[PDB]
file structure-v2.txt (compact mmCIF, C-alpha atoms and all ligand atoms)
# COMPACT_ATOMS: atom_id res chain seq x y z
CA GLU A 28 201.00 71.16 17.16
CA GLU A 29 203.81 72.38 14.94
CA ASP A 30 203.85 71.98 11.23
CA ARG A 31 207.05 71.20 9.47
CA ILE A 32 207.08 72.83 6.06
CA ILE A 33 209.49 73.75 3.31
CA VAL A 34 209.41 77.34 2.04
CA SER A 35 211.43 79.59 -0.28
CA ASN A 36 213.94 81.73 1.55
CA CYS A 37 211.72 84.59 0.42
CA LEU A 38 208.82 83.29 2.47
CA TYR A 39 211.15 82.36 5.35
CA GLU A 40 212.23 85.96 5.93
CA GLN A 41 208.54 86.85 6.31
CA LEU A 42 208.09 84.03 8.88
CA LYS A 43 211.41 84.10 10.75
CA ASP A 44 210.11 85.47 14.03
CA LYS A 45 207.41 82.82 14.34
CA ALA A 46 209.42 79.88 12.98
CA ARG A 47 212.16 77.52 14.07
CA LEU A 48 214.78 76.95 11.39
CA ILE A 49 215.64 73.28 11.04
CA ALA A 50 217.73 73.25 7.83
CA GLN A 51 218.47 75.83 5.14
CA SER A 52 219.93 76.00 1.62
CA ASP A 53 220.81 78.96 -0.62
CA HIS A 54 217.13 79.01 -1.82
CA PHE A 55 214.88 77.11 0.65
CA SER A 56 214.24 76.65 4.37
CA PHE A 57 212.91 73.65 6.28
CA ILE A 58 211.03 75.01 9.28
CA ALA A 59 208.75 74.30 12.16
CA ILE A 60 205.95 76.79 12.61
CA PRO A 61 202.52 76.48 14.14
CA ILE A 62 200.25 77.57 11.31
CA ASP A 63 197.44 79.65 12.81
CA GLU A 64 195.37 81.83 10.52
CA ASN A 65 197.63 84.80 11.15
CA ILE A 66 200.41 82.77 9.52
CA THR A 67 197.95 81.39 6.94
CA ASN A 68 197.32 84.99 5.87
CA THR A 69 201.01 85.71 5.50
CA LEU A 70 201.45 82.61 3.40
CA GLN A 71 198.57 83.63 1.18
CA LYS A 72 199.69 87.21 0.82
CA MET A 73 203.32 86.33 -0.04
CA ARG A 74 202.41 83.48 -2.40
CA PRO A 75 202.63 85.50 -5.69
CA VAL A 76 206.08 86.84 -4.72
CA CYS A 77 207.48 83.96 -2.70
CA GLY A 78 205.66 80.85 -3.92
CA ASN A 79 203.60 78.21 -2.22
CA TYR A 80 204.88 75.95 0.56
CA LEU A 81 205.18 72.19 0.90
CA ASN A 82 204.00 70.45 4.03
CA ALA A 83 206.66 67.87 4.84
CA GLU A 84 204.54 65.70 7.12
CA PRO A 85 203.63 63.12 4.49
CA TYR A 86 207.35 62.54 3.88
CA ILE A 87 208.51 62.32 7.51
CA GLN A 88 205.35 61.49 9.53
CA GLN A 89 206.07 62.77 13.09
CA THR A 90 209.69 61.41 12.97
CA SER A 91 211.73 63.43 15.39
CA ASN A 92 214.17 65.98 14.00
CA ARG A 93 217.06 64.21 15.81
CA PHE A 94 216.61 61.24 13.47
CA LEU A 95 216.12 63.14 10.21
CA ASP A 96 218.74 63.90 7.63
CA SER A 97 217.24 67.38 7.29
CA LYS A 98 219.60 68.57 4.59
CA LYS A 99 219.02 65.59 2.35
CA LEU A 100 215.28 66.02 2.86
CA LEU A 101 215.50 69.70 2.08
CA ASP A 102 217.61 69.14 -1.04
CA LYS A 103 215.56 66.32 -2.50
CA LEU A 104 212.15 68.01 -2.03
CA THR A 105 213.38 71.24 -3.72
CA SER A 106 215.15 69.81 -6.76
CA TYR A 107 214.20 67.37 -9.47
CA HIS A 108 215.98 65.21 -11.98
CA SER A 109 214.36 64.39 -15.34
CA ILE A 110 213.37 60.78 -16.12
CA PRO A 115 208.15 57.64 -27.49
CA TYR A 116 204.43 57.33 -26.63
CA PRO A 117 202.26 55.79 -29.40
CA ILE A 118 199.09 57.53 -30.65
CA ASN A 119 197.17 54.82 -32.58
CA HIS A 120 193.61 54.71 -31.25
CA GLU A 121 191.78 57.40 -33.22
CA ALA A 122 188.48 55.50 -33.55
CA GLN A 123 188.25 54.88 -29.84
CA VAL A 124 189.24 58.44 -28.94
CA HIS A 125 186.50 59.85 -31.18
CA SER A 126 183.90 57.42 -29.81
CA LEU A 127 184.66 58.74 -26.35
CA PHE A 128 184.55 62.41 -27.47
CA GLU A 129 181.04 61.89 -28.87
CA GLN A 130 179.89 60.85 -25.39
CA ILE A 131 181.04 63.99 -23.61
CA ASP A 132 178.00 65.54 -21.98
CA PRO A 133 178.78 69.26 -21.35
CA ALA A 134 175.62 69.68 -19.26
CA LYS A 135 176.80 67.01 -16.84
CA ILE A 136 180.10 68.91 -16.49
CA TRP A 137 178.29 72.17 -15.77
CA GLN A 138 176.01 70.53 -13.22
CA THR A 139 179.03 69.35 -11.20
CA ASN A 140 180.44 72.86 -11.05
CA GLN A 141 177.07 74.16 -9.93
CA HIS A 142 177.00 71.70 -7.05
CA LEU A 143 180.57 72.23 -5.74
CA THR A 144 180.42 75.97 -6.15
CA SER A 145 177.13 76.14 -4.22
CA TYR A 146 179.01 75.22 -1.01
CA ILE A 147 179.96 78.24 1.09
CA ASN A 148 183.51 76.86 0.87
CA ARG A 149 185.17 73.44 0.50
CA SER A 150 187.86 74.07 3.15
CA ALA A 151 189.89 71.18 4.60
CA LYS A 152 188.86 72.37 8.08
CA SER A 153 185.13 72.85 7.47
CA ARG A 154 182.10 70.57 7.47
CA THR A 155 181.22 71.59 3.91
CA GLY A 156 184.78 70.70 2.93
CA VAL A 157 184.12 67.22 4.31
CA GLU A 158 180.79 66.96 2.48
CA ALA A 159 182.42 67.80 -0.81
CA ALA A 160 184.75 64.84 -0.40
CA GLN A 161 181.92 62.51 0.61
CA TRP A 162 179.87 63.77 -2.30
CA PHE A 163 182.64 62.98 -4.77
CA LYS A 164 183.04 59.42 -3.47
CA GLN A 165 179.34 58.80 -3.74
CA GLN A 166 179.24 60.25 -7.30
CA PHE A 167 181.77 57.60 -8.25
CA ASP A 168 180.07 54.76 -6.36
CA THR A 169 176.71 55.69 -7.86
CA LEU A 170 178.12 55.80 -11.40
CA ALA A 171 179.75 52.39 -10.95
CA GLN A 172 176.46 50.96 -9.66
CA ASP A 173 174.48 52.61 -12.47
CA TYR A 174 176.65 51.06 -15.18
CA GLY A 175 176.93 47.72 -13.34
CA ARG A 176 180.69 47.88 -13.04
CA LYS A 177 182.00 45.66 -10.20
CA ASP A 178 185.43 46.24 -11.55
CA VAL A 179 185.99 49.20 -9.23
CA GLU A 180 187.14 50.50 -5.87
CA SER A 181 186.75 53.73 -3.84
CA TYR A 182 188.24 54.73 -0.49
CA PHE A 183 189.09 57.66 1.72
CA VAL A 184 192.70 58.46 2.44
CA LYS A 185 193.03 60.25 5.79
CA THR A 186 194.71 63.66 5.67
CA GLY A 187 196.81 62.66 8.65
CA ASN A 188 195.48 64.07 11.88
CA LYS A 189 195.65 67.68 10.81
CA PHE A 190 192.56 68.04 8.61
CA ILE A 191 189.07 66.53 8.85
CA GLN A 192 188.66 66.58 5.06
CA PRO A 193 189.88 63.29 3.53
CA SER A 194 191.14 62.63 0.04
CA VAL A 195 189.16 60.27 -2.20
CA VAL A 196 190.79 57.64 -4.39
CA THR A 197 188.69 55.79 -6.99
CA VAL A 198 189.74 53.29 -9.65
CA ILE A 199 188.16 51.72 -12.67
CA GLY A 200 189.51 48.31 -13.61
CA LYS A 201 190.98 47.27 -10.22
CA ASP A 202 191.90 43.85 -11.64
CA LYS A 203 193.58 45.09 -14.83
CA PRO A 204 197.28 44.19 -15.27
CA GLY A 205 200.04 46.77 -15.40
CA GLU A 206 200.98 50.22 -14.30
CA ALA A 207 198.06 52.43 -13.56
CA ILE A 208 197.05 55.79 -14.95
CA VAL A 209 196.20 58.49 -12.44
CA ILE A 210 193.93 61.49 -12.90
CA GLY A 211 193.70 63.93 -10.00
CA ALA A 212 192.25 67.28 -8.98
CA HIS A 213 191.92 68.95 -5.60
CA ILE A 214 188.50 69.30 -3.95
CA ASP A 215 189.34 71.90 -1.35
CA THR A 216 189.41 75.66 -1.11
CA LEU A 217 190.39 78.35 1.43
CA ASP A 218 188.19 79.30 4.40
CA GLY A 219 185.36 81.79 4.38
CA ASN A 220 183.33 82.46 1.28
CA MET A 221 185.12 80.62 -1.53
CA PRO A 222 183.16 79.20 -4.45
CA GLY A 223 186.51 78.08 -5.83
CA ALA A 224 184.89 77.69 -9.20
CA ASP A 225 188.00 77.72 -11.41
CA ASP A 226 190.24 76.78 -8.49
CA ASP A 227 189.25 73.26 -9.03
CA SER A 228 185.62 72.77 -9.04
CA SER A 229 186.64 72.87 -12.72
CA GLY A 230 189.32 70.20 -12.41
CA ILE A 231 187.04 67.99 -10.33
CA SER A 232 184.18 68.35 -12.79
CA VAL A 233 186.40 67.48 -15.74
CA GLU A 234 187.65 64.24 -14.22
CA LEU A 235 184.17 63.29 -13.02
CA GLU A 236 182.97 63.52 -16.62
CA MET A 237 186.03 61.54 -17.75
CA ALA A 238 185.06 58.81 -15.28
CA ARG A 239 181.49 58.81 -16.47
CA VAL A 240 182.43 58.63 -20.14
CA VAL A 241 184.74 55.70 -19.32
CA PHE A 242 181.87 53.89 -17.51
CA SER A 243 179.60 54.36 -20.52
CA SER A 244 182.37 53.31 -22.96
CA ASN A 245 181.96 50.18 -25.14
CA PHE A 246 185.59 49.13 -24.65
CA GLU A 247 187.52 48.40 -21.48
CA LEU A 248 191.01 49.69 -20.74
CA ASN A 249 194.00 47.41 -20.27
CA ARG A 250 195.22 49.29 -17.17
CA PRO A 251 193.57 50.51 -13.98
CA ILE A 252 192.56 54.17 -14.18
CA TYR A 253 192.48 56.17 -10.98
CA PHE A 254 190.41 59.23 -10.39
CA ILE A 255 191.42 61.22 -7.34
CA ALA A 256 190.03 64.11 -5.31
CA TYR A 257 192.85 65.57 -3.17
CA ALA A 258 192.03 67.06 0.19
CA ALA A 259 193.81 70.13 1.54
CA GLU A 260 195.74 71.18 -1.55
CA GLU A 261 195.40 74.73 -0.20
CA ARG A 262 197.38 73.57 2.87
CA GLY A 263 200.81 73.01 1.33
CA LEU A 264 199.66 70.13 -0.87
CA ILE A 265 199.29 67.87 2.14
CA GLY A 266 196.32 65.83 0.82
CA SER A 267 198.13 64.50 -2.27
CA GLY A 268 201.17 64.04 -0.01
CA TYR A 269 199.27 61.40 1.91
CA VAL A 270 197.77 59.95 -1.27
CA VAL A 271 201.19 59.49 -2.91
CA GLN A 272 202.50 57.90 0.28
CA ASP A 273 199.44 55.58 0.23
CA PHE A 274 200.29 54.53 -3.35
CA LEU A 275 203.89 53.94 -2.27
CA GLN A 276 202.90 51.84 0.73
CA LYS A 277 200.45 49.78 -1.31
CA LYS A 278 203.12 49.36 -3.94
CA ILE A 279 200.68 50.37 -6.69
CA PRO A 280 202.69 50.81 -9.90
CA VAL A 281 201.91 54.01 -11.81
CA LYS A 282 202.96 54.88 -15.36
CA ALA A 283 201.44 58.36 -15.65
CA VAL A 284 199.78 61.12 -13.70
CA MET A 285 197.61 64.02 -14.92
CA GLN A 286 196.87 66.99 -12.69
CA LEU A 287 193.84 69.11 -13.30
CA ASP A 288 194.11 72.35 -11.39
CA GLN A 289 192.09 75.25 -12.92
CA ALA A 290 190.62 73.85 -16.13
CA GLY A 291 187.86 76.39 -16.72
CA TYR A 292 188.83 80.03 -16.98
CA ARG A 293 189.81 81.80 -20.13
CA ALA A 294 191.64 85.11 -19.90
CA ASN A 295 190.26 86.00 -23.34
CA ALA A 296 186.93 84.17 -23.71
CA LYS A 297 187.72 82.99 -27.25
CA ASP A 298 191.40 82.21 -26.71
CA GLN A 299 191.09 78.34 -26.68
CA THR A 300 194.82 77.91 -26.01
CA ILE A 301 195.69 75.28 -23.43
CA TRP A 302 198.98 75.68 -21.54
CA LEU A 303 201.30 72.89 -20.42
CA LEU A 304 203.63 73.33 -17.47
CA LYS A 305 207.30 72.75 -18.05
CA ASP A 306 208.74 72.53 -14.54
CA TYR A 307 208.24 69.73 -12.04
CA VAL A 308 206.63 67.53 -14.73
CA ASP A 309 207.87 64.73 -16.99
CA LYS A 310 209.05 66.17 -20.30
CA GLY A 311 208.20 62.93 -22.10
CA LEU A 312 204.65 62.77 -20.74
CA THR A 313 204.32 66.50 -21.48
CA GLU A 314 205.33 66.21 -25.14
CA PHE A 315 202.76 63.39 -25.31
CA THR A 316 200.04 65.68 -23.90
CA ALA A 317 201.03 68.35 -26.45
CA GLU A 318 200.53 65.94 -29.35
CA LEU A 319 197.17 64.81 -27.97
CA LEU A 320 196.09 68.45 -27.92
CA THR A 321 197.22 69.04 -31.48
CA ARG A 322 196.09 65.71 -32.93
CA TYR A 323 192.76 65.30 -31.12
CA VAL A 324 191.63 68.40 -29.23
CA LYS A 325 192.88 70.51 -32.16
CA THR A 326 193.91 73.31 -29.81
CA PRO A 327 196.90 75.67 -29.86
CA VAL A 328 199.47 74.38 -27.38
CA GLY A 329 201.04 76.91 -25.01
CA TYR A 330 203.63 76.61 -22.24
CA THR A 331 203.91 78.19 -18.79
CA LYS A 332 206.00 78.04 -15.60
CA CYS A 333 204.96 77.77 -11.93
CA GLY A 334 206.23 78.70 -8.49
CA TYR A 335 207.48 76.21 -5.89
CA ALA A 336 205.01 73.56 -4.62
CA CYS A 337 202.71 74.70 -7.36
CA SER A 338 200.15 71.93 -7.17
CA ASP A 339 199.57 68.27 -6.36
CA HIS A 340 201.65 67.01 -9.31
CA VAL A 341 204.68 68.08 -7.23
CA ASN A 342 204.08 65.29 -4.71
CA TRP A 343 204.08 62.73 -7.50
CA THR A 344 207.26 63.95 -9.21
CA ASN A 345 209.01 64.21 -5.82
CA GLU A 346 208.46 60.47 -5.45
CA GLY A 347 209.65 59.48 -8.91
CA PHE A 348 206.31 59.36 -10.71
CA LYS A 349 205.80 60.76 -14.21
CA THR A 350 203.58 63.77 -14.27
CA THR A 351 201.82 66.11 -16.67
CA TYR A 352 199.79 69.25 -15.89
CA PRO A 353 197.55 70.99 -18.48
CA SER A 354 196.34 74.43 -17.32
CA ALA A 355 193.61 76.97 -18.27
CA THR A 356 195.92 80.02 -18.02
CA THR A 357 199.55 81.13 -18.38
CA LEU A 358 201.30 82.61 -15.36
CA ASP A 359 201.04 86.17 -16.72
CA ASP A 360 197.50 86.44 -18.01
CA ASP A 361 196.03 84.71 -14.94
CA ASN A 362 192.83 84.00 -13.20
CA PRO A 363 192.85 87.11 -10.96
CA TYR A 364 189.93 85.72 -8.95
CA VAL A 365 191.42 82.50 -7.51
CA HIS A 366 191.31 82.30 -3.70
CA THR A 367 188.69 85.03 -3.54
CA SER A 368 184.92 85.20 -3.21
CA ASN A 369 184.87 86.01 -6.93
CA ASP A 370 186.13 82.63 -8.18
CA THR A 371 182.52 82.08 -9.22
CA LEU A 372 180.58 79.75 -11.47
CA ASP A 373 180.01 82.62 -13.95
CA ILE A 374 183.73 82.91 -14.55
CA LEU A 375 183.92 79.35 -15.98
CA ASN A 376 184.16 78.71 -19.72
CA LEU A 377 182.32 75.46 -20.58
CA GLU A 378 183.97 75.12 -24.00
CA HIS A 379 187.33 75.20 -22.18
CA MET A 380 186.39 72.45 -19.73
CA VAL A 381 184.99 70.34 -22.54
CA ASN A 382 188.43 70.62 -24.19
CA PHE A 383 190.21 69.49 -20.96
CA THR A 384 187.76 66.58 -20.86
CA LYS A 385 188.72 65.73 -24.43
CA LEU A 386 192.39 65.91 -23.51
CA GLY A 387 191.87 63.70 -20.48
CA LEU A 388 190.01 61.07 -22.48
CA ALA A 389 192.62 60.93 -25.29
CA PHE A 390 195.20 60.63 -22.50
CA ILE A 391 193.27 57.74 -20.96
CA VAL A 392 192.68 55.95 -24.28
CA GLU A 393 196.13 56.22 -25.77
CA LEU A 394 197.84 55.21 -22.51
CA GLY A 395 195.00 52.85 -21.47
CA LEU A 396 195.28 50.77 -24.62
CA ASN A 397 199.03 51.46 -25.46
ZN ZN B 401 195.21 77.12 -5.35
ZN ZN B 402 194.38 74.79 -7.39

call {"tool": "encode", "arguments": {"input": "structure-v2.txt", "output": "structure tokens"}}
result
Amino acid sequence: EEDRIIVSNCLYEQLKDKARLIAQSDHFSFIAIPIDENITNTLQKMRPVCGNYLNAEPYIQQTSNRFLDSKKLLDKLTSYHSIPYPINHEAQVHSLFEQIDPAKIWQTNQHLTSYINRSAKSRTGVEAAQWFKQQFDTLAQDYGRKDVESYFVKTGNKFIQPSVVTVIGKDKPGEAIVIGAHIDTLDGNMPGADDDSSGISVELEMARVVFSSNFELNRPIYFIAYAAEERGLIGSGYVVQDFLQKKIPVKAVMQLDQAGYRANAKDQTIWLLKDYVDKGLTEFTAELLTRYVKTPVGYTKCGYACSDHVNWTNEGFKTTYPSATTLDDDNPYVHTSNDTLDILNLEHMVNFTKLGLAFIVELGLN
């Protein structure tokens, strides 16, 4: 019934009267509040000022408050401590670039954005997840790759939309590489074109290029579609917990959230996030952009519980997050009916696909 979530004190003061305060710090509150869509609307409306929220359930799973060290939980999920990469595979990286099929990218966006919404509560939201899984399965069957796996990861008992985890090279030795994007959107009429149809499309193309590649990787590569990112990042919460339980070792994580909108349609700058990411992995991404994508490299900052990468870094995994926009010249249309297909820049997505593939090759073959 009640959600337990972590919010900025800013957001708390807007929710006080409907919430139970469990623990509090100078900047954040750990609360219990039954999220109805009245409260959903408050969360959405205060998000630019007060930041996003983190659903704690994947970290504490129904454990009673009496048994929780609430303050340690609150401190460790609102702070982070920081934790060299070779680039020596130019021939392979260019081979993969030459196989990028921009039309196939665009087609994916057309499909996801044709749904009325992809909400974690709705039937269409469930279809989108099932669709994604089947796109992977089909691709692996089409290129006769047995070397693979795909499964749903339940979004607890709160949301019917599951996450989808896929992997190429299940039997490869070593720490894996993870690529992720979130499949979901808000309720109502939400094409969610830039708000991660884009990210999803980019990684789907990355997967397909990898299947059609002439060389194998020396590590497993995961491609993930997170459920319910628009619900306090709870989908990737469960996914990270699933990786922890299965003891899957992971060397690097890329988050693709909004990979398709340009503020100025011939800007071509790609922005890297500098908080809640690995600085080492981020400098690496910067040099891939300069060396291979030949793009200007910008930097930006994010609010609290910005996106799924946060669940990885909270659990000690190294994380990088390339983004379409800076925090000041934004996508003004995200979370509205106007996050439409026609807002997407295909050159921009192609560049994120390039970045992703260089990432996969230079880590995948060390
Ligand atoms: Zn969002
Ligand atoms: Zn997003």

call {"tool": "residues_near_ligand", "arguments": {"input": "structure-v2.txt", "ligand": "ligand ZN 402 (chain B)", "cutoff": "8 Å", "atoms": "only C-alpha atoms and all ligand atoms", "output": "VMD selection string"}}
result
chain A and resid 212 to 213 226 to 227 260 to 261 288 to 289 338

call {"tool": "closest_residue", "arguments": {"input": "structure-v2.txt", "among": "A:353, A:395, A:78, A:193", "to": "residue 308 in chain A", "atoms": "all atoms listed in the file"}}
result
A:353

call {"tool": "residues_around", "arguments": {"input": "structure-v2.txt", "residues": "residue 225 in chain A", "least_positions_apart": "3", "cutoff": "10 Å", "atoms": "all atoms listed in the file", "output": "PyMOL selection string"}}
result
chain A and resi 140+144+222+228-231+288-293+355+362+364-366+369-376+380

call {"tool": "closest_residue", "arguments": {"input": "structure-v2.txt", "among": "A:304, A:394, A:296, A:49", "to": "residue 92 in chain A", "atoms": "only C-alpha atoms"}}
result
A:49

call {"tool": "atom_distance", "arguments": {"input": "structure-v2.txt", "atom1": "CA of residue 214 in chain A", "atom2": "CA of residue 188 in chain A"}}
result
18.1 Å

call {"tool": "atom_distance", "arguments": {"input": "structure-v2.txt", "atom1": "CA of residue 126 in chain A", "atom2": "CA of residue 241 in chain A"}}
result
10.7 Å

call {"tool": "atom_distance", "arguments": {"input": "structure-v2.txt", "atom1": "CA of residue 82 in chain A", "atom2": "CA of residue 153 in chain A"}}
result
19.3 Å

call {"tool": "residues_around", "arguments": {"input": "structure-v2.txt", "residues": "residue 347 in chain A", "least_positions_apart": "3", "cutoff": "12 Å", "atoms": "only C-alpha atoms", "output": "number ranges by chain"}}
result
A: 103-104, 106-110, 271-272, 274-275, 280-284, 307-309, 340-344, 350

call {"tool": "axis_aligned_box", "arguments": {"input": "structure-v2.txt", "around": "range 263-266 of chain A", "padding_each_side": "5 Å", "output": "AutoDock Vina command-line options"}}
result
--center_x 198.6 --center_y 69.4 --center_z 0.6 --size_x 14.5 --size_y 17.2 --size_z 13.0

call {"tool": "residues_around", "arguments": {"input": "structure-v2.txt", "residues": "residue 244 in chain A", "least_positions_apart": "5", "cutoff": "12 Å", "atoms": "only C-alpha atoms", "output": "ChimeraX atom specification"}}
result
/A:123-131,174,176,199,237-239,388,391-392

call {"tool": "residues_near_point", "arguments": {"input": "structure-v2.txt", "point": "(182.6, 67.3, -21.3)", "cutoff": "8 Å", "atoms": "all atoms listed in the file", "output": "list in words"}}
result
residues 131, 132, 133, 134, 135, 136, 233, 236, 237, 380, 381, 382, 383, 384 and 385 of chain A

call {"tool": "write_last_selection", "arguments": {"input": "structure-v2.txt", "atoms": "C-alpha atoms", "output": "mmCIF file, in the frame of the given file"}}
result
data_model
loop_
_atom_site.group_PDB
_atom_site.id
_atom_site.type_symbol
_atom_site.label_atom_id
_atom_site.label_comp_id
_atom_site.auth_asym_id
_atom_site.auth_seq_id
_atom_site.Cartn_x
_atom_site.Cartn_y
_atom_site.Cartn_z
ATOM 1 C CA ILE A 131 181.040 63.990 -23.610
ATOM 2 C CA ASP A 132 178.000 65.540 -21.980
ATOM 3 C CA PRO A 133 178.780 69.260 -21.350
ATOM 4 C CA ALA A 134 175.620 69.680 -19.260
ATOM 5 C CA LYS A 135 176.800 67.010 -16.840
ATOM 6 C CA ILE A 136 180.100 68.910 -16.490
ATOM 7 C CA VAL A 233 186.400 67.480 -15.740
ATOM 8 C CA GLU A 236 182.970 63.520 -16.620
ATOM 9 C CA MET A 237 186.030 61.540 -17.750
ATOM 10 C CA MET A 380 186.390 72.450 -19.730
ATOM 11 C CA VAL A 381 184.990 70.340 -22.540
ATOM 12 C CA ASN A 382 188.430 70.620 -24.190
ATOM 13 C CA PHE A 383 190.210 69.490 -20.960
ATOM 14 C CA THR A 384 187.760 66.580 -20.860
ATOM 15 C CA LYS A 385 188.720 65.730 -24.430
#

call {"tool": "closest_residue", "arguments": {"input": "structure-v2.txt", "among": "A:46, A:58, A:252, A:196", "to": "residue 31 in chain A", "atoms": "only C-alpha atoms"}}
result
A:58
